[PDB]
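> Got a structure for you, questions after.
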Amino acid sequence: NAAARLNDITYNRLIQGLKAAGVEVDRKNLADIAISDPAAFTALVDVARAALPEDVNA
Amino acid sequence: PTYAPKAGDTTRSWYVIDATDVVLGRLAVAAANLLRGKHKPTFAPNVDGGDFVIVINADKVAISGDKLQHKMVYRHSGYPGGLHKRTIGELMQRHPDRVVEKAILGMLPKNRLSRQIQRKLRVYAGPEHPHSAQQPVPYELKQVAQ
Amino acid sequence: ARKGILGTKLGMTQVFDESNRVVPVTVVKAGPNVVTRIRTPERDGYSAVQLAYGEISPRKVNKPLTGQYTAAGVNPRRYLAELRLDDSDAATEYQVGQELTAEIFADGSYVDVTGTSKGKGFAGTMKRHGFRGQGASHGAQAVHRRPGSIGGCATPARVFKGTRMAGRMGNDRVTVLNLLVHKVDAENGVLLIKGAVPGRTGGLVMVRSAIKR
Amino acid sequence: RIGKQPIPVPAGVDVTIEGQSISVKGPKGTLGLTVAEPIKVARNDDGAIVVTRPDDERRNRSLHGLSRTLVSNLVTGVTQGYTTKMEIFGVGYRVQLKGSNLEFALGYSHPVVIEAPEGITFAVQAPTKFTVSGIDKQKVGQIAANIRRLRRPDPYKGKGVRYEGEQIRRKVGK
Amino acid sequence: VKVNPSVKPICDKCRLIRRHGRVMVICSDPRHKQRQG
RNA sequence: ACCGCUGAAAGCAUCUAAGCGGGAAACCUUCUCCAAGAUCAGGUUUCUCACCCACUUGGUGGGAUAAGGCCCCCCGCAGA
RNA sequence: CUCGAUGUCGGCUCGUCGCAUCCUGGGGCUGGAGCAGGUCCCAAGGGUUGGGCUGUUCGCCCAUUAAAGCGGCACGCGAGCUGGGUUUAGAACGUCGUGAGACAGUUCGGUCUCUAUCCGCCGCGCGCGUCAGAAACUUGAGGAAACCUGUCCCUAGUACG
């Protein structure tokens, strides 16, 4: 959550996006990346942001 | 595993909030999480991490008068009765810093770190902050996304 | 505002007034042996003055006191006490090393007097608070002078904080209000006050102006 | 319906708007008044003051009309001072004016010397009649309320101030 | 005044109002000045 | 509590929703007392204000000593 | 809940609490002229007595007071007190029963243990700490104790009547 909010995105939307992309990555190693390599974390955020549909409608 | 809880690996910077228009709730919450370090990926509840928070213009905290004249503060002594009942507005006229501080303490966890963190807080009623030798870092509030 | 002076209680006597009435009088020594130190509100925020009175050996007083008195430029005194004046600015009132006697009183003014109380020692509630101790006649086993009960039984399963129990009394800063100044013997520094004064003969008494009157 | 009532400005000496705050001049002294921010205030082509706000909040209407009466109070007050007349219906009383403030005495000791406020005129029309005037209904009426209930006017005989009527009750005998 | 947990009008000359939420009766004649508790 | 000025919503009215004043042994100051172990451990002033060894000079242990204090002695209307 | 124990009435002593207020204070209304006085709302910081009777709460009563408050905490408080009464043994009048014996019917007499471990409380100390070591003098965050009231005279036998 801390890393995501530093990247201007919440946990909810982060995980939803990762699911839509198909990134079957755990939270353990995701957090390790979030610490030892924020850049790759942000890249994953951009992937998730791209993967999100549009809004709160369906 | 974790790499944060390592002695010496804590950055304690000085953030400043010009808490005038801001409401009491949101103010205290932002100070609370920011002070404890929940904005950092290295948050570690076992240790006294986080950055220092400075509250400015505490006298101006946006509290509705409807509560200034109804919300009360209670300080029991230990003696029969001894309930030192006092109006929050009067506390704002005398020592508003105690008002804000109290509000934060009730938002922090009932533990010892409450005290180790509490000692990292500086609240001054006035606008001017004597401690400028360090680096003040003005902090602003927002709703992040969603 | 709160003018005053340090003195020594010299005991009690009595003196007849002009209307042929007895005045019980406490005798206070307050002569030309009182000097000052200024506590400005611009450093401390108090607006007060320390008053010194007495006579000690310069080889008995320790060195730091000789430093403070050196700053004053004044021969040492046994006692030193800070008298709160007024919440205003004051400033133009008392100077460093000013002679203060009992001539500061106008032979009739009411005064507020304060000082340490006399020793009594550890005593029961009969003196500490004044209890109507049970009697000891009609069967009472052994309760003469005992406090008796304290509190309830189950619900308040404790004792309320600050009950009336045995303790030590004496040596307390008692303030007695609105004593009538009978007469100022400026020639000997002997101040004649109607009424009793806290403390034993030889103790330090602080006498200052009354405000209620 | 007061929302349809504009306020002409007979004097307009310095009647203006300084940040939702109206400063008023005229024959008399100066006045000011904070304008409620929710209500939009502007000046008319002929100088008359126009105060407006729609509705859908009730208090918008209350503030609109209230505001109209306040502006009328400022203008009519500065161009025509307001006054209240007091008649005394009692026994053993003389209106005294020692120095520059009123002293009253009717059936009790220690005559009351009303502490006069700043910006007010007192006047005596008779030993049992006097008046008061000023440029604010809140300031003139304040002194008018601090003289009553002190020795409550008994509706049996009468011993005090009436505001030219008030249908004061009378005794029912004994 | 006549304080009670019920309010109505005594006559066809009075007004019912809410001062601070407190319901009250004013017939402008002191025999009741009825108040909602 | 009671009471009131001004004054809308409701062209009026209205102590009230803006806003204001009076308003008591209760409340908080002011009066008396303890009180900075109140761990934000406060404030002002002042004296001493500069010795030597072990180990890894230091970082660390040890010994001495100035200011000042304490223990023993004669005592107190201070006192278990 | 408790029977390998929760010792109950009343009284004495010491304190606390509520307010649905006995008084003192502050208001309205009146079939409130005035003194007095009816009812109702707010207000619980103080005071709220002394005696006769009763084993007694209760209650009655005298003489007073500004008034002589109602209630809660094991119908407060027995590891602090009393033991009259209640709830043991003996005795006894009356009643029930053939009797042993009973009776919320009465009457005579009838022992109250504790060297205080812990919490809590009352007072006083040792050490550490308050980022050099000592000494003097203060503030006062925030708490404590106190907080009652009558009489007479003047204004004035005035206002009212």
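> Give me the pairs, please: first residue somewhere in region C:63-75 and within 13 Å of residue C:52 (Cβ to Cβ), second residue anywhere and not in a loop (DSSP other than H, G, I, E, B), beta-carbon distance under 6 Å, and either six or more positions apart or on two chains.
Pairs found: C:72/C:37; C:74/C:35.
> Going by the conditions given, is residue D:122 within 16 Å of residue D:106 (Cα to Cα) and not assigned by CATH to the domain that holds residue D:31? I'd like the intermediate steps shown before the answer.
Numbers: within 16 Å of residue D:106 (Cα to Cα): no; not assigned by CATH to the domain that holds residue D:31: yes.
So residue D:122 does not fit the description; no.
For (1) outside any loop (DSSP other than H, G, I, E, B); (2) within 14 Å of chain B (Cβ to nearest Cβ), each residue gets a yes or a no:
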position: C:130; (1), (2): no, no
position: C:134; (1), (2): no, no
position: C:143; (1), (2): no, no
position: C:150; (1), (2): no, yes
position: C:154; (1), (2): no, no
position: C:158; (1), (2): no, yes
position: C:168; (1), (2): yes, no
position: C:171; (1), (2): no, no
position: C:178; (1), (2): yes, no
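> Still on this structure, please answer the following. Condition first: over 22 Å from residue D:169 (Cα atoms), surrounded by fewer than 13 Cβ atoms within 10 Å (Cβ to Cβ) and more than 14 Å from RNA strand G (Cβ to nearest atom). Now tell me which residues in region E:1-18 satisfy that.
E:8, E:17, E:18
> Could you please tell me which pairs satisfy a Cβ distance under 8 Å, a separation of 6+ or placement on different chains, a first residue in region C:128-147 that is on the phi < 0 side of the Ramachandran plot, and a second residue that is outside any loop (DSSP other than H, G, I, E, B) and within 16 Å of RNA strand F (Cβ to nearest atom)?
Pairs that qualify, where the first residue is on the phi < 0 side of the Ramachandran plot and the partner is outside any loop (DSSP other than H, G, I, E, B) and within 16 Å of RNA strand F (Cβ to nearest atom), are C:128/C:167; C:128/C:169; C:131/C:125; C:133/C:125; C:133/C:126; C:147/C:125.
> Sticking with this one: How many residues are of a type in the set (A, V, I, L, M, F, W, C), closer than 18 Å to residue B:43 by Cβ and either at the interface with another protein chain (Cβ under 8 Å from one of its Cβ atoms) or in a loop (DSSP other than H, G, I, E, B) (or both) when one looks only at region A:1-50?
7
> Taking the conditions exactly as written (more than 20 Å from the chain's Cα centre (by Cα) and either more than 30 Å from residue C:150 (Cα to Cα) or within 8 Å of RNA strand G (Cβ to nearest atom) (or both)), does residue C:50 satisfy them or not?
On the way: more than 20 Å from the chain's Cα centre (by Cα): no; either more than 30 Å from residue C:150 (Cα to Cα) or within 8 Å of RNA strand G (Cβ to nearest atom) (or both): yes.
The answer is no for residue C:50.
> Further, regarding this structure: Examine region C:106-127 for a residue that is touching an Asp or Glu at 6+ places or on another chain (Cβ under 9 Å), within 20 Å of residue C:46 (Cβ to Cβ) and surrounded by 15 or more Cβ atoms within 10 Å (Cβ to Cβ), and state whether such a residue exists.
Step one: of region C:106-127, the residues touching an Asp or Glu at 6+ places or on another chain (Cβ under 9 Å) are C:116-117.
Checking the rest, the ones that are also within 20 Å of residue C:46 (Cβ to Cβ) come to none.
No - not one qualifying residue is present in region C:106-127.
> Of (1) of a type in the set (A, V, I, L, M, F, W, C); (2) touching a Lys or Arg at 6+ places or on another chain (Cβ under 8 Å); (3) more than 16 Å from RNA strand G (Cβ to nearest atom), residue B:88 satisfies all except one. Which?
(3)
Condition check ((1) free of Cβ contacts under 8 Å to residues at least 40 places away in the same chain; (2) surrounded by 18 or more Cβ atoms within 10 Å (Cβ to Cβ); (3) within 30 Å of residue A:31 (Cβ to Cβ)) across all residues:
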{"residue": "B:42", "(1), (2), (3)": "yes, yes, yes"}
{"residue": "B:47", "(1), (2), (3)": "no, no, yes"}
{"residue": "B:50", "(1), (2), (3)": "no, yes, yes"}
{"residue": "B:60", "(1), (2), (3)": "no, no, no"}
{"residue": "B:72", "(1), (2), (3)": "yes, no, no"}
{"residue": "B:80", "(1), (2), (3)": "yes, no, no"}
{"residue": "B:85", "(1), (2), (3)": "yes, no, no"}
{"residue": "B:100", "(1), (2), (3)": "no, yes, no"}
{"residue": "B:109", "(1), (2), (3)": "yes, no, yes"}
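> In the list C:133, C:162, which residue meets the criterion of being within 7 Å of RNA strand G (Cβ to nearest atom), of a type outside the set (D, E, K, R) and in contact with a helix residue (DSSP H, G or I) (Cβ under 9 Å, 6 or more places away or on another chain)?
After ruling out the rest, the residue left standing is C:133.
> Please go through region B:118-146 and give me each residue that is part of a strand (DSSP E or B), of a type outside the set (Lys, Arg) and surrounded by 11 or more Cβ atoms within 10 Å (Cβ to Cβ), ordered by number.
B:121, B:123, B:124, B:136, B:137
Methodologically, a virtual Cβ is constructed for each residue, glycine included, from the backbone with ideal geometry; neighbour enumeration extends over all protein chains shown. The values are calculated or read from the model by the stated rules, or taken from the named source; these are not laboratory values.
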